[PDB]
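Undergrad: Handing you a structure now.
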Amino acid sequence: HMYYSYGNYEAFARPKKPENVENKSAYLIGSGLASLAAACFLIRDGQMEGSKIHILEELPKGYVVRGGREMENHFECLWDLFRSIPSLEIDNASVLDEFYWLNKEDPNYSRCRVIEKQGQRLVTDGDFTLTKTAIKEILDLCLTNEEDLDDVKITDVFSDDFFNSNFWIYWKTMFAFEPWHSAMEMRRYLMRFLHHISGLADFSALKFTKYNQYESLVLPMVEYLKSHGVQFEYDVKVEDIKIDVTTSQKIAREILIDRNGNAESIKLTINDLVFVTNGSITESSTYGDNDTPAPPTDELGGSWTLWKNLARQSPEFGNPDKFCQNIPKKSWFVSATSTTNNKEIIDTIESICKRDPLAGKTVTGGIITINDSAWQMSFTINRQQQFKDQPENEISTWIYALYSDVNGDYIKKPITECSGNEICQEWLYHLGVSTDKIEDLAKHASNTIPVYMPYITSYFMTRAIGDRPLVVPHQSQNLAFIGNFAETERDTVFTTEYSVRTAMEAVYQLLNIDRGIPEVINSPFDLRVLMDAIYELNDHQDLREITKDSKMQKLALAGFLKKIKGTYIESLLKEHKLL
Amino acid sequence: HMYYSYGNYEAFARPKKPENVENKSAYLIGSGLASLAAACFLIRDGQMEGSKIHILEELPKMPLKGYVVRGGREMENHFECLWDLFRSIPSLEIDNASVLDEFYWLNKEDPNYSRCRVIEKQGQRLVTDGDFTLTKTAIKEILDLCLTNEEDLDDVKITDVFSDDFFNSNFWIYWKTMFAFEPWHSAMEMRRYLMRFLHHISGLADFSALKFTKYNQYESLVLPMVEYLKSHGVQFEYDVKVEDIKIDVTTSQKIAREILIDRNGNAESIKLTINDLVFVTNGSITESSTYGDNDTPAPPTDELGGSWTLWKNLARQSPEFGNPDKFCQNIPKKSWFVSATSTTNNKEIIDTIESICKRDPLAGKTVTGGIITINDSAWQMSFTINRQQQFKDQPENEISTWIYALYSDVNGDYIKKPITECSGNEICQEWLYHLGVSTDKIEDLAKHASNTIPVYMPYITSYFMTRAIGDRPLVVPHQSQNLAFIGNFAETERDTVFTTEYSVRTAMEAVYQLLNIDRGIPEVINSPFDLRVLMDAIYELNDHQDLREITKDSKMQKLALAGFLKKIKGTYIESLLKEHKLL
């Protein structure tokens, strides 16, 4: 009911109005990115009436920032969407226009990626330091079929050399991978972003919106949806969806909801579509303050309860317990936003990242990782300020720790027992600030808000094929699953692109929209990209240097070079620095 | 002064208004596709004032004896620059839709494909129609041509890189006729063609990758562009023959200073500053065209018109401006020269065509789906019938058939004369003979039941003449400040000439470079670098054979296959090879 494409013909073409869409409706369970994106596609490409689009939201109608909102040029579906969303900052421009010009005048890249020993730059910062053994494990994982990686951990496919490389430092912190996480997803990430392998260590491929995601992405979409008459319904808690799973069809029949404290039922026909964002990484989040830890919690909220209630109606609707249960207590739980106008802290950051944090341009250019921190802590300062109404002499630093059950190096407690100022203290210690100044700087010169998120690592938990429902399950007539717990080929979860892709594929499949959906970018199949990957993974070495200490490889290269000597193949390899 | 890109990010992004463009002007020499495309990019992306854009057209503000259709207007999905342009051009046929939208929907409603590609023996279908019949020697020659650096193919002919097996294959029949390649043409250009369209190799034999506009190109492409340009105030100036352009070539600059013209018979001069851009469509394949009618041949000619004279005048001002003589001189007399448009409402002719192409030519949908090649015709003649009618003023009971012949100095099989000596009706007679029409009816059906207009084009094969690097000027020559060359005689990497995409690409690259527009230009599609496309090509070129079938008759290959298959026996590589039918 859909097909994949690439290139400008399908990118620029508009689909015909889908058949019978005038008699159809749509219900979106949640107000997250994927739901908003699906509503936008329903308006723009489905041409469905806005009065027939119902966004069900459970909520009624210091600074806290969120990390992991990096973008790249090849977010193919996301840019298809946001070229149609008007900017709220520039007249007669799209969100993509604003994003595109901004990252041209202020291109992102890091001048200091890893620090250690209380503020010193890692001496090999920039290099991957992968042994030939570690490189082979990388390629061996990529050559493994995804079907053979059910429930396989990252530690099952990599050994000591890899986990000691600089590559693993960059990789695990920029993507928030834990050693026990899905090797299947690790493999997807390896192939998905291969075209940016030369920009991995210095973050030169990253692109950021001007403000936080809510200001720069959500609010423009909401304004677009509101200007098209989309129904935003609040105080709606979806408890279950009655689905008929027969030998021939899957049909959602009823949405069982609590609407403002009253038990209600939404009757559905085959023409009423339901889009379920199954699972949530932010559900059950708790907050502390400068003097209070964010209270740890294991509670299952509405999103996880609903997926469980859908999963007991068919195994084709996924297995939520693989993602929300048995999360190791070492996993990342706590993040913190530290806000300050203190010049000593701001100057300390400038001395490390080499940029004025208050200038309004790129600062750290992405996370700085403290390699020898017991918490495995990283921090980033985006373009300041990240909030429109924040004072111009303030910065807000985002901090997160990959290990939650280890005592800190300065605050000798696990991060889950730490207040905002205590997290700030441990961070300032690793910045190199004097231990006689750190306590007062955190307590009285800064405000740090910690957040405890039980499911923040849930996207990456070890999974088997079938644990995630297909975007449109087999024989589903009016039910779709979207978001980063839905299943689609090749693309990587924990990205905003995945939310937009699944939203797009859901709308196109359910309405049978006659336009191609852009395939995940073809970089793993591009010889030019694979050539660059070989060059970068070996830390800028020729094919001669790569094979110099291997008999079988040096022999095979010799016969290869003799065949390609006069040819376009050699010119290509030379152009990509492999010869 | 430009960069290449791919993907939706740069496709959907708009460039900032270029600096100081409000103080700049533009002159475009010609009214062909490239000139209009460059004017459209100047409006849309350069944001140059339309009143400051001047299109200089030589002819005053089609032969009256009959309809004339042009060939070589096939399109494909990966005309990346052309679709970038025409998504911005409003359709003249459909409200609230671009030229792309109309094109996109039409070719989905009525997808092009051929049900009869090659005929012989006066209307019988070729038995092996569909297969390439390429031997291992021929396939290896194709690969070895592609593995040859373009820098090593200066003036190399197609006959220099291929031997008997290839020229005896069905592949060469399909290839030489669909693209109008002659044996003495540029092997460098054939190499570009092989890699440029590799993603469509499975559709080469049945034309299933071709896409066509609803009407002839003037109606479907030119008029929508003209309406777009005129709605923005672009000046269309006629009766303007450009004789020369004075260019100051210095150590650090090349600046056009003066356009020497003949405006309505009066010698005139357009003074240029560095802020006045000049776009030259150097050379022309249609220049000096002559026309016959049903009773008169199109008179042969060797005359150079204004286009080739202008390029020659520019070429002697700098060696970086190309060598026009490589394309407009020494054209073999066997080369394709004559095309003919045969129009009829005769049921007998139309029924005969339907019996060959399997479709009703008057239904309004695809008819032949591309050219039908008459393989055993002495003229090496092909003909096509697009969706009918191709003209908005044409009667609904009429069809217009496009006919062309690759060999111009060989006696026909029924009209025993070279095509250059044949009137319109005589070309029609030879064509009707090869359709299987009874010889007792051919004369009456061609002379009285049909109207055929022959055209003689001395330079119709000029794009493909053997060339060396430097024969074509760069789109923007080194240090050129206000001068650009566009069209299918300008130089840009990888892309293939004799395509409408090449005209739009050069126009885009000229405007973007001269104005320093800060947006990516889509690279030529990356199919020769795509492992999935290369796997499909191996399968298709070997006529749908496994790697095991391909290597069964070999020792140095069956051995390597065994060792290769053992190393990949559980891996993602084997899955990919099975997915693309190589295993």
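Numbering starts fresh at 1 for the residues of each chain in the structure tokens, the chains themselves are lettered A, B, ... in the order given, and ligands are numbered from 1 as they appear.
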For chain A, which residues have at least one atom within 6 Å of chain B, if we go by only C-alpha atoms? Write them as a PDB file with N, CA and C atoms, in the first residue's frame, please.
TA:
```pdb
ATOM      1  N   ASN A   8      14.324  13.892  -7.033  1.00  0.00           N
ATOM      2  CA  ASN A   8      13.511  15.103  -7.050  1.00  0.00           C
ATOM      3  C   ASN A   8      12.128  14.883  -7.652  1.00  0.00           C
ATOM      4  N   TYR A   9      11.985  13.911  -8.556  1.00  0.00           N
ATOM      5  CA  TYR A   9      10.698  13.671  -9.205  1.00  0.00           C
ATOM      6  C   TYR A   9       9.614  13.373  -8.175  1.00  0.00           C
ATOM      7  N   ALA A  13       6.758  16.148  -6.536  1.00  0.00           N
ATOM      8  CA  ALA A  13       5.426  15.867  -7.045  1.00  0.00           C
ATOM      9  C   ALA A  13       4.403  15.849  -5.918  1.00  0.00           C
ATOM     10  N   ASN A  73      21.270  16.438   7.437  1.00  0.00           N
ATOM     11  CA  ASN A  73      20.685  16.806   6.153  1.00  0.00           C
ATOM     12  C   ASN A  73      19.772  15.714   5.611  1.00  0.00           C
ATOM     13  N   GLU A  76      15.220  12.633   5.591  1.00  0.00           N
ATOM     14  CA  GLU A  76      14.505  12.826   4.330  1.00  0.00           C
ATOM     15  C   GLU A  76      13.021  13.095   4.552  1.00  0.00           C
ATOM     16  N   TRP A  79      12.302  16.680   6.493  1.00  0.00           N
ATOM     17  CA  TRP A  79      12.386  17.882   5.671  1.00  0.00           C
ATOM     18  C   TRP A  79      11.293  17.926   4.611  1.00  0.00           C
ATOM     19  N   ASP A  97      13.307  26.486   5.778  1.00  0.00           N
ATOM     20  CA  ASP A  97      14.015  27.691   5.351  1.00  0.00           C
ATOM     21  C   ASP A  97      14.799  28.306   6.503  1.00  0.00           C
ATOM     22  N   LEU A 143      27.631  -7.066   8.377  1.00  0.00           N
ATOM     23  CA  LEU A 143      27.382  -8.183   7.475  1.00  0.00           C
ATOM     24  C   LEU A 143      26.444  -9.226   8.066  1.00  0.00           C
ATOM     25  N   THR A 144      26.042  -9.081   9.324  1.00  0.00           N
ATOM     26  CA  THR A 144      25.075  -9.990   9.920  1.00  0.00           C
ATOM     27  C   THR A 144      23.664  -9.554   9.552  1.00  0.00           C
ATOM     28  N   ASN A 145      22.850 -10.502   9.093  1.00  0.00           N
ATOM     29  CA  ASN A 145      21.454 -10.197   8.818  1.00  0.00           C
ATOM     30  C   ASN A 145      20.754  -9.771  10.100  1.00  0.00           C
ATOM     31  N   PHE A 525      24.762   1.725   0.519  1.00  0.00           N
ATOM     32  CA  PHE A 525      24.895   1.128  -0.802  1.00  0.00           C
ATOM     33  C   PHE A 525      25.739   1.967  -1.753  1.00  0.00           C
ATOM     34  N   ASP A 526      26.191   3.143  -1.323  1.00  0.00           N
ATOM     35  CA  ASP A 526      26.964   4.046  -2.168  1.00  0.00           C
ATOM     36  C   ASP A 526      28.445   3.700  -2.051  1.00  0.00           C
ATOM     37  N   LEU A 527      29.059   3.320  -3.177  1.00  0.00           N
ATOM     38  CA  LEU A 527      30.482   2.985  -3.175  1.00  0.00           C
ATOM     39  C   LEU A 527      31.330   4.148  -2.674  1.00  0.00           C
ATOM     40  N   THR A 567      42.586   2.430 -14.449  1.00  0.00           N
ATOM     41  CA  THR A 567      41.143   2.500 -14.622  1.00  0.00           C
ATOM     42  C   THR A 567      40.499   3.594 -13.778  1.00  0.00           C
ATOM     43  N   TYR A 568      39.209   3.792 -14.063  1.00  0.00           N
ATOM     44  CA  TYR A 568      38.361   4.686 -13.283  1.00  0.00           C
ATOM     45  C   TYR A 568      38.288   4.260 -11.821  1.00  0.00           C
TER      46      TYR A 568
END
```
Undergrad: Name the residues of stretch 14-89 of chain A that come out as strand (DSSP E) in a backbone DSSP run; write them as a list in words.
TA: residues 25, 26, 27, 28, 29, 53, 54, 55 and 56 of chain A
Undergrad: Neighbouring residues of stretch 235-248 of chain B were defined as those with any atom within 7 Å, considering only C-alpha atoms; residues of the same chain fewer than 3 positions away were excluded. Please report them as a list in words.
TA: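 That gives residues 51, 53, 54, 55, 56, 57, 58, 59, 60, 61, 254, 255, 256, 257, 258, 259, 260, 261, 262, 263, 264, 306, 310, 313 and 314 of chain B.
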Undergrad: Store the residues picked out above in a file with C-alpha atoms, as a CSV table (one decimal), in the first residue's frame.
TA:
```
chain,number,residue,atom,x,y,z
B,51,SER,CA,12.5,43.8,-16.8
B,53,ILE,CA,16.1,40.0,-18.3
B,54,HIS,CA,16.3,40.1,-22.1
B,55,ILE,CA,15.8,37.0,-24.4
B,56,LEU,CA,17.3,37.7,-27.8
B,57,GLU,CA,15.6,35.5,-30.5
B,58,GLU,CA,16.7,35.6,-34.1
B,59,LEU,CA,13.5,34.4,-35.8
B,60,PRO,CA,10.7,37.0,-36.1
B,61,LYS,CA,7.8,37.4,-33.6
B,254,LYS,CA,37.0,37.3,-18.8
B,255,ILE,CA,34.3,39.9,-19.3
B,256,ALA,CA,31.8,40.3,-22.0
B,257,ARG,CA,31.8,43.9,-23.1
B,258,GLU,CA,29.6,44.2,-26.2
B,259,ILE,CA,26.9,42.2,-28.0
B,260,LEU,CA,27.2,42.9,-31.8
B,261,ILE,CA,23.7,42.3,-33.3
B,262,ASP,CA,21.5,42.9,-36.3
B,263,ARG,CA,18.2,44.2,-34.9
B,264,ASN,CA,15.6,44.2,-37.7
B,306,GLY,CA,23.9,32.3,-36.8
B,310,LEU,CA,28.6,33.0,-33.3
B,313,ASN,CA,33.5,34.0,-33.5
B,314,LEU,CA,33.7,33.4,-29.8
```
Undergrad: Could you name the residues that touch stretch 494-496 of chain B at 12 Å or less, counting only C-alpha atoms, but leaving out those on the same chain fewer than 2 positions away, as a PyMOL selection string?
TA: chain B and resi 78-81+146+149-150+179+186+188-197+463-464+487-492+498-506+522-528
Undergrad: Now that the selection is made, can you save its residues with N, CA and C atoms as a short mmCIF file (atom, residue, chain, number, x, y, z; two decimals), in the first residue's frame?
TA:
```cif
data_model
loop_
_atom_site.label_atom_id
_atom_site.label_comp_id
_atom_site.auth_asym_id
_atom_site.auth_seq_id
_atom_site.Cartn_x
_atom_site.Cartn_y
_atom_site.Cartn_z
N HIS B 78 14.63 10.55 -13.13
CA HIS B 78 15.84 11.13 -12.57
C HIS B 78 16.44 12.22 -13.45
N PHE B 79 15.58 13.00 -14.11
CA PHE B 79 15.96 14.30 -14.65
C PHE B 79 15.91 15.29 -13.49
N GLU B 80 16.94 15.24 -12.65
CA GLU B 80 16.88 15.89 -11.34
C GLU B 80 16.74 17.40 -11.46
N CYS B 81 17.49 18.03 -12.36
CA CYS B 81 17.41 19.48 -12.49
C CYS B 81 16.12 19.90 -13.17
N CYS B 146 33.26 1.36 -19.37
CA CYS B 146 32.87 2.12 -18.19
C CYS B 146 34.03 2.30 -17.22
N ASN B 149 38.80 5.76 -17.75
CA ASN B 149 38.69 7.17 -17.39
C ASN B 149 38.27 7.99 -18.60
N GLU B 150 37.35 8.93 -18.37
CA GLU B 150 36.92 9.82 -19.44
C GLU B 150 38.10 10.57 -20.06
N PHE B 179 18.73 6.15 -28.90
CA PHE B 179 19.55 7.32 -28.63
C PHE B 179 20.13 7.96 -29.88
N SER B 186 30.93 9.53 -30.51
CA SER B 186 31.79 9.62 -29.34
C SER B 186 31.59 8.43 -28.41
N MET B 188 33.14 8.36 -25.64
CA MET B 188 33.06 9.05 -24.36
C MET B 188 31.61 9.34 -23.98
N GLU B 189 30.79 9.72 -24.96
CA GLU B 189 29.39 10.01 -24.67
C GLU B 189 28.59 8.73 -24.45
N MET B 190 28.88 7.67 -25.22
CA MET B 190 28.22 6.40 -24.97
C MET B 190 28.53 5.88 -23.57
N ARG B 191 29.77 6.08 -23.12
CA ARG B 191 30.13 5.68 -21.76
C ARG B 191 29.29 6.44 -20.74
N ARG B 192 29.17 7.76 -20.92
CA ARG B 192 28.29 8.55 -20.06
C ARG B 192 26.87 7.99 -20.07
N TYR B 193 26.37 7.63 -21.25
CA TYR B 193 25.02 7.09 -21.35
C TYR B 193 24.88 5.78 -20.59
N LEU B 194 25.90 4.91 -20.68
CA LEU B 194 25.82 3.61 -20.02
C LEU B 194 25.68 3.76 -18.51
N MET B 195 26.44 4.68 -17.91
CA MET B 195 26.39 4.86 -16.46
C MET B 195 25.26 5.79 -16.04
N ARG B 196 24.89 6.74 -16.90
CA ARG B 196 23.87 7.72 -16.54
C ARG B 196 22.52 7.05 -16.32
N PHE B 197 22.16 6.08 -17.16
CA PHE B 197 20.85 5.46 -17.13
C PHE B 197 20.90 4.01 -16.66
N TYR B 463 25.64 16.61 -31.54
CA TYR B 463 25.93 16.40 -30.12
C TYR B 463 26.92 15.27 -29.91
N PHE B 464 26.83 14.22 -30.74
CA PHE B 464 27.51 12.96 -30.50
C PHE B 464 28.84 12.84 -31.23
N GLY B 487 23.38 24.78 -22.74
CA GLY B 487 22.94 23.88 -23.78
C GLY B 487 23.80 22.64 -23.85
N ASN B 488 23.51 21.83 -24.87
CA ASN B 488 24.10 20.51 -25.00
C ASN B 488 25.46 20.53 -25.70
N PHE B 489 26.04 21.71 -25.94
CA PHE B 489 27.42 21.83 -26.38
C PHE B 489 28.31 22.48 -25.33
N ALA B 490 27.80 22.66 -24.11
CA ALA B 490 28.60 23.12 -22.99
C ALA B 490 29.03 21.92 -22.14
N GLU B 491 30.05 22.14 -21.32
CA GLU B 491 30.70 21.05 -20.59
C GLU B 491 30.28 21.06 -19.12
N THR B 492 29.78 19.91 -18.66
CA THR B 492 29.58 19.65 -17.24
C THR B 492 29.78 18.15 -17.03
N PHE B 498 22.05 15.51 -25.65
CA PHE B 498 20.85 15.08 -26.38
C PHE B 498 19.72 14.70 -25.42
N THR B 499 19.73 15.29 -24.23
CA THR B 499 18.63 15.16 -23.28
C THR B 499 18.20 16.55 -22.84
N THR B 500 16.91 16.69 -22.55
CA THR B 500 16.42 17.98 -22.07
C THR B 500 16.95 18.29 -20.67
N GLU B 501 17.29 17.25 -19.90
CA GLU B 501 17.89 17.46 -18.58
C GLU B 501 19.21 18.22 -18.69
N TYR B 502 20.00 17.92 -19.72
CA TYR B 502 21.30 18.58 -19.87
C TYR B 502 21.13 20.07 -20.13
N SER B 503 20.08 20.45 -20.87
CA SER B 503 19.81 21.87 -21.09
C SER B 503 19.48 22.57 -19.78
N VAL B 504 18.65 21.94 -18.94
CA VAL B 504 18.25 22.56 -17.68
C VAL B 504 19.42 22.58 -16.69
N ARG B 505 20.20 21.50 -16.65
CA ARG B 505 21.35 21.46 -15.75
C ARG B 505 22.32 22.60 -16.05
N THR B 506 22.73 22.73 -17.32
CA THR B 506 23.67 23.79 -17.68
C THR B 506 23.09 25.17 -17.37
N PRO B 522 21.48 19.59 -7.69
CA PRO B 522 21.45 18.12 -7.58
C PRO B 522 22.49 17.49 -8.49
N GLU B 523 23.31 16.61 -7.90
CA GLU B 523 24.27 15.87 -8.70
C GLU B 523 23.54 14.97 -9.69
N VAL B 524 24.24 14.61 -10.77
CA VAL B 524 23.74 13.55 -11.63
C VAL B 524 23.48 12.32 -10.78
N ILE B 525 22.34 11.67 -11.01
CA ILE B 525 21.88 10.61 -10.12
C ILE B 525 22.98 9.57 -9.93
N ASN B 526 23.10 9.07 -8.70
CA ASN B 526 24.24 8.29 -8.24
C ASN B 526 24.14 6.80 -8.58
N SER B 527 23.36 6.44 -9.60
CA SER B 527 23.13 5.02 -9.88
C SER B 527 24.40 4.21 -10.18
N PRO B 528 25.40 4.70 -10.92
CA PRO B 528 26.61 3.89 -11.13
C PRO B 528 27.41 3.62 -9.86
#
```
Undergrad: Name all residues at most 12 Å from residue A:123 (count only C-alpha atoms; drop same-chain ones fewer than 6 positions away) and give them as a ChimeraX atom specification.
TA: /A:112-117,129,166,371
Undergrad: Could you please take those selected residues and save N, CA, C and O atoms as a PDB file, in the first residue's frame?
TA:
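The new file again36.pdb reads:
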```pdb
ATOM      1  N   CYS A 112      36.329  20.714  20.844  1.00  0.00           N
ATOM      2  CA  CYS A 112      36.785  19.911  21.976  1.00  0.00           C
ATOM      3  C   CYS A 112      35.673  18.925  22.307  1.00  0.00           C
ATOM      4  O   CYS A 112      34.631  19.324  22.837  1.00  0.00           O
ATOM      5  N   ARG A 113      35.895  17.651  21.998  1.00  0.00           N
ATOM      6  CA  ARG A 113      34.869  16.622  22.106  1.00  0.00           C
ATOM      7  C   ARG A 113      34.953  15.818  23.396  1.00  0.00           C
ATOM      8  O   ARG A 113      33.915  15.467  23.968  1.00  0.00           O
ATOM      9  N   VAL A 114      36.160  15.516  23.872  1.00  0.00           N
ATOM     10  CA  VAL A 114      36.360  14.668  25.042  1.00  0.00           C
ATOM     11  C   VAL A 114      37.350  15.348  25.977  1.00  0.00           C
ATOM     12  O   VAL A 114      38.398  15.829  25.532  1.00  0.00           O
ATOM     13  N   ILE A 115      37.024  15.381  27.268  1.00  0.00           N
ATOM     14  CA  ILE A 115      37.928  15.889  28.288  1.00  0.00           C
ATOM     15  C   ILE A 115      38.123  14.818  29.355  1.00  0.00           C
ATOM     16  O   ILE A 115      37.383  13.838  29.435  1.00  0.00           O
ATOM     17  N   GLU A 116      39.143  15.030  30.183  1.00  0.00           N
ATOM     18  CA  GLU A 116      39.485  14.117  31.263  1.00  0.00           C
ATOM     19  C   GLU A 116      40.380  14.859  32.244  1.00  0.00           C
ATOM     20  O   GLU A 116      40.851  15.966  31.969  1.00  0.00           O
ATOM     21  N   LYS A 117      40.612  14.228  33.396  1.00  0.00           N
ATOM     22  CA  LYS A 117      41.494  14.759  34.437  1.00  0.00           C
ATOM     23  C   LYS A 117      41.141  16.204  34.784  1.00  0.00           C
ATOM     24  O   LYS A 117      42.004  17.081  34.872  1.00  0.00           O
ATOM     25  N   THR A 129      40.970   5.475  17.013  1.00  0.00           N
ATOM     26  CA  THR A 129      41.816   4.524  17.741  1.00  0.00           C
ATOM     27  C   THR A 129      41.183   3.133  17.788  1.00  0.00           C
ATOM     28  O   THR A 129      41.122   2.479  18.830  1.00  0.00           O
ATOM     29  N   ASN A 166      38.504   5.166  21.108  1.00  0.00           N
ATOM     30  CA  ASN A 166      37.858   6.472  21.142  1.00  0.00           C
ATOM     31  C   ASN A 166      36.518   6.437  20.422  1.00  0.00           C
ATOM     32  O   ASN A 166      35.585   7.149  20.811  1.00  0.00           O
ATOM     33  N   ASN A 371      35.612  11.717  29.900  1.00  0.00           N
ATOM     34  CA  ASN A 371      35.933  10.315  29.658  1.00  0.00           C
ATOM     35  C   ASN A 371      36.171   9.543  30.949  1.00  0.00           C
ATOM     36  O   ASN A 371      35.849   8.352  31.023  1.00  0.00           O
TER      37      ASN A 371
END
```
Undergrad: Name the residues in contact with stretch 174-177 of chain A at a cut-off of 9 Å, using only C-alpha atoms, excluding same-chain residues fewer than 5 positions from it; report them as a PyMOL selection string.
TA: chain A and resi 68+154+169+182+186+189+200+332+366-367+369+378+402+457+460+494
Undergrad: Neighbours of residue B:121 within 12 Å (only C-alpha atoms; same-chain residues fewer than 5 positions away dropped), as a PyMOL selection string?
TA: chain B and resi 126-127+373-378+413+433-437
Undergrad: Write the selection just made, keeping N, CA and C atoms, as a compact mmCIF listing (two decimals), in the first residue's frame?
TA:
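In the end it all went to result.txt:
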```txt
# COMPACT_ATOMS: atom_id res chain seq x y z
N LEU B 126 10.35 -9.18 -34.25
CA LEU B 126 11.60 -9.91 -34.05
C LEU B 126 11.41 -10.99 -32.99
N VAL B 127 11.91 -12.19 -33.28
CA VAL B 127 11.65 -13.35 -32.43
C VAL B 127 12.24 -13.14 -31.04
N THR B 373 11.67 -0.13 -34.24
CA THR B 373 12.81 -0.22 -35.15
C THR B 373 12.52 -1.27 -36.22
N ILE B 374 12.74 -0.89 -37.48
CA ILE B 374 12.67 -1.83 -38.59
C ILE B 374 14.09 -2.34 -38.81
N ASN B 375 14.40 -3.50 -38.23
CA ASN B 375 15.78 -3.94 -38.11
C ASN B 375 16.43 -4.20 -39.46
N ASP B 376 15.66 -4.69 -40.44
CA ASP B 376 16.20 -5.05 -41.74
C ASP B 376 15.95 -3.99 -42.80
N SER B 377 15.69 -2.75 -42.39
CA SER B 377 15.52 -1.66 -43.34
C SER B 377 16.88 -1.11 -43.76
N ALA B 378 17.04 -0.88 -45.06
CA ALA B 378 18.31 -0.38 -45.57
C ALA B 378 18.65 0.98 -44.97
N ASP B 413 14.58 -0.01 -49.52
CA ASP B 413 14.21 -1.35 -49.95
C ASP B 413 13.01 -1.34 -50.89
N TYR B 433 5.85 0.15 -46.72
CA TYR B 433 6.34 -1.14 -47.19
C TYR B 433 6.83 -1.99 -46.02
N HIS B 434 7.60 -1.39 -45.11
CA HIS B 434 8.13 -2.12 -43.97
C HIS B 434 7.08 -2.41 -42.91
N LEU B 435 5.91 -1.77 -42.97
CA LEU B 435 4.80 -2.13 -42.10
C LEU B 435 4.04 -3.36 -42.59
N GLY B 436 4.29 -3.81 -43.82
CA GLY B 436 3.56 -4.93 -44.37
C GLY B 436 2.36 -4.57 -45.20
N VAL B 437 2.19 -3.30 -45.56
CA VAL B 437 1.09 -2.90 -46.42
C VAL B 437 1.27 -3.52 -47.80
```
